[PDB]
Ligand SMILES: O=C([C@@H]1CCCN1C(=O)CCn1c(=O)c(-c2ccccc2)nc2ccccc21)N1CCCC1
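Take a look at this one chain, the form deposited without the named molecule, written out in structure tokens.
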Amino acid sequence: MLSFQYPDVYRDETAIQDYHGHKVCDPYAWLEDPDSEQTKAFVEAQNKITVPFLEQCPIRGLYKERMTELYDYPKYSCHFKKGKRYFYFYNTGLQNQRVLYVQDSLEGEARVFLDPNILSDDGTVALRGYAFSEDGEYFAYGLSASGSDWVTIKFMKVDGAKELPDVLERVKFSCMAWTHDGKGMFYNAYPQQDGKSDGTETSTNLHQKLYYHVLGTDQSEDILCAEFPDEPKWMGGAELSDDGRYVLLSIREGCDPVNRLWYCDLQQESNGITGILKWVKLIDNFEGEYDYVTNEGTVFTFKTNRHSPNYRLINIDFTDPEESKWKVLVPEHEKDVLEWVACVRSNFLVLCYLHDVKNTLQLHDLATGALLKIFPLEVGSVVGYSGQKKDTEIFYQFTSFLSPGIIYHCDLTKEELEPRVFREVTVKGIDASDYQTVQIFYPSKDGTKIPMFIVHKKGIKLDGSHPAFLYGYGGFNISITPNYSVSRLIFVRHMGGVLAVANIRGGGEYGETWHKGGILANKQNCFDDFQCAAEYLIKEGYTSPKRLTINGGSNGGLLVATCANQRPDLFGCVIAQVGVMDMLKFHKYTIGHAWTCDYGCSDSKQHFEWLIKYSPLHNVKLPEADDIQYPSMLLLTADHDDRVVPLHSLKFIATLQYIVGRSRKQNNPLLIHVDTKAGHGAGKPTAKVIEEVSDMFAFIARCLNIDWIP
């Protein structure tokens, strides 16, 4: 098949670093500089071979045409109310960015409120965060360009959708919260730094501070309200209590699901917000997570994991704050994870649980925590919710593997609560009834039972003949729950494929114990779990190694790259998106310091010894057996991915092509595609999403020689 040559790539054989006596050579360290002529030429040369490979075969166009047809369906978010108006997001089908609409009543005619598509023709300027004033009359929103995490905050008056002059720069990883007097808004920003701040730099992000912006002033006038000069990794996010009386500051240091919780009683400020607030350090350690739900006077309800790995609700009275005095409002469940909680209609709580990787939704009494109502759902996920304390209704959106899903509405003023379908769209071209979703539990190496969803055409024979696409993430307490993907359903229907999603350890599916089971010294459990998922699909006859593709992104990109090194015999194709590949250096760049809770950090001798065993960049090795080569691999990244800097994928592909690609037995391609004007993924325009899925499935089809099934 391979009718191209890999690019010349210089090896700096002098690049050696000692880690606690262990010498590590890094011959492609120069690819860490995105701005050099050398790195730019590398990217150019790699794209020059990848693009013709992906575009050459007619199946890419067949896939793209079908994706363009099938993805063209109306896409709505839940309605939410702010002040006297309702809002929702809506994409007519193929707009690059969804549009924010407003109406003056649920009966009322909608109009465009914010349309990001007119901000850039290629749709690479996207909304990233927003906050309405308490009265709903003013609106702040973040914009990111080219997929960067950097944000510019802009402002509008809601009535008439009027642009205001206020602009806030240097915003990243920011909360936004208006004080209820309508004077101004809390937000986070970083200090000025040398070099670029556009998403193409690798500079580490430290010393984030909390500011207050008074509407109608220049950013230079903003008040510094909190800073942590002795703790450069701390990040303090502010929110207002539901009654507007207290600023609650949640301080985090990295990815650990824990936070400090400080508060400021605004009534006690000497003269309004004029400098560092009189913070009361209610919870002044990183031992537990405390997520504000609501308060009634000084009694504050928090969702917490403090000695409760599946989470629970507690009340802390600010007048009697010692731990032995806290009240348990809704105890921890033995198995089900309490995912989130909202307070609505003054004295209702909405609780969303995860029960064996499917969501349930119920209403509880605020005063006692008693269960009041179960909202019936099919098997799938709750992916949207609206309803705050002053609201008298909820909206929530359900989705699953086989249907775009349903938006429900429930009027909570009625004696008998009757949720009703509010919006439901069906995708013509896909008949959900032709397919089924099953959940199985398979044993990992150490015997732990791991959940997996499998989606396939009804009545297939389990004879190993089918292409399969196995997805995993496995980290950061993230649960991978059912979601709707037209792109994956085209693989099922038009490529005869089987979809699988493995809920491996490191995730949040079974609470904090599931997370801890796949981090730090136990990170290898993630990889073992995922390899065991592949073995299950093979043994049970869904697929065979030569027909199996694995995919993951970010921490999931690390997952599939590691699995390619550890078990190249198990996979036909590997697609690693925006992956962390250099586990010895990840903490040096942008926000990578925040991932040490899951990975550790190479500065520690103990951690180095875990990391070096699985780091993809440091474990590329020719398979011993003459009859085994590496799977076909495709790495996808982009030049403004400032979440996972692209050097990770650049150095990894250079290493793959040199160590493995040069071998005579290697006939499967090892390729990278580096996109422009894009980043880690959030906010990617529809046009780019379509190109990306078309590339992925064309790669699979070509490498595995799969015929299109029209």
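Residue indices: 1-based, along the sequence shown.
Taking only CA atoms, the mean B-factor in the PDB entry is higher for 403 to 411 than for the other of 341 to 349 and 403 to 411. In this entry, 254 to 262 shows the higher mean Cα temperature factor of the pair 254 to 262 and 164 to 172. Per the PDB entry, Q388 shows the highest C-alpha temperature factor of the residues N525, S144, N555, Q388. By the numbers in the PDB entry, the CA B factor is greatest at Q267 among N551, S241, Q267, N619. Compared with the other modelled residues of the chain, the Cα B-factor recorded for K75 ranks in the highest third. When the modelled residues of the chain are ordered by their C-alpha B factor, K303 lands in the lowest third. The deposited CA B-factor of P27 belongs to the lowest third of values across its chain. For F422, the recorded CA temperature factor ranks within the highest third of the chain's modelled residues.
Among the modelled residues of its chain, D675 has a C-alpha B-factor that falls in the middle third, as given in the PDB entry.
Another form exists, deposited with the named molecule bound; not displayed. Remarks below refer to it.
Here is the short version: of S144, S174, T562, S381, the single residue with a heavy atom within 4.5 Å of the named molecule in the entry with it bound is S174. Though the named molecule is absent from this view, in the entry with it bound it lies within 4.5 Å of a heavy atom of just one residue from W595, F401, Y88, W262, which is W595. When the named molecule is considered in the entry with it bound, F476 lines it closely, a heavy atom lying within 4.5 Å. Although the partner is absent here, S554 is a contact residue: one of its heavy atoms lies within 4.5 angstroms of the named molecule in the entry with it bound. The named molecule is not drawn, but in the entry with it bound it has no heavy atom within 4.5 Å of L31. Remark: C255 counts among the residues lining the named molecule in the entry with it bound, judged by a heavy atom distance of 4.5 Å or less. Proximity to the named molecule in the entry with it bound holds for all of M235, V580 and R643, with the criterion being a heavy atom within 4.5 Å. Heavy atoms within 4.5 Å of the named molecule in the entry with it bound are found in one stretch of 263 to 271, 440 to 448, 403 to 411, 587 to 595, which is 587 to 595. Shown without its partner, the chain has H680 as the single residue in segment 666 to 683 with a non-hydrogen atom within 4.5 angstroms of the named molecule in the entry with it bound.
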